[PDB]
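Read on for two forms of one protein chain; each stands alone as structure tokens, with the labels structure 1 and structure 2.
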Structure 1
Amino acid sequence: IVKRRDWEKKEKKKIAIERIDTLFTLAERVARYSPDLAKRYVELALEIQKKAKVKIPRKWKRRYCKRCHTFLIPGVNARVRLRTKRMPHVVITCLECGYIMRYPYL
């Protein structure tokens, strides 16, 4: 039963990650025309993350505003800059609400 429960737990997390990836894919496709819908998809992905206790894929972790949850598109509603005085890092500013997010470049 230990192995069975472990397999089910692992598969459930994989499913959660699969769903999150799909929701962000849809968010990106509808974001430019329907930003409110993209925000909804981002939030559904965040709900799954919370319920399954999983991490958002690397390819999507920086693509939404942690404050307002809008899907971020450089030039449209996001400013992306790099700072290197100390640790090189990416500075992403949500232009819709002004929230600033930083990520390691390396």
Structure 2
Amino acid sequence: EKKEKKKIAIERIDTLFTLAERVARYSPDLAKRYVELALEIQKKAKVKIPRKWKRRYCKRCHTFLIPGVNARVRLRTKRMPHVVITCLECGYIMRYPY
């Protein structure tokens, strides 16, 4: 039953990202542990990150991103439309086509 273990894996990733969002305001290092555990789970079980989570951590430092607290989010659309996200903890900039 590979199907069960892939199911469990996703539920674990989902749990840990949900907890990182809940704790990040108060203990950013705990949130960072949750994010990194989730990624280690993801590559051990060879599953995908739920779409709602995949832009919510810094790909450089693994901080969980709270827009307005430890992250700057802008919509930039005058030329090539994109979302620009800056991790205020390491300064890494992530851009996604809009």
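Rigid core: the largest C-alpha set superposing within 1.5 Å between the two forms. Numbering for residues begins at 1 and runs along the sequence of structure 1.
Core-superposed comparison between the two structures: CA of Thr25 displaced by less than 2 Å.
Once both forms are fitted on their core, the CA shift for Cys97 between the two structures remains under 2 Å.
For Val76, the Cα deviation between the two structures after core superposition amounts to 0.7 Å.
For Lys14, the Cα deviation between the two structures after core superposition amounts to 1.4 Å. Here the rigid core is superposed, and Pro88 then shows its C-alpha moved by 2.9 angstrom between the two structures.
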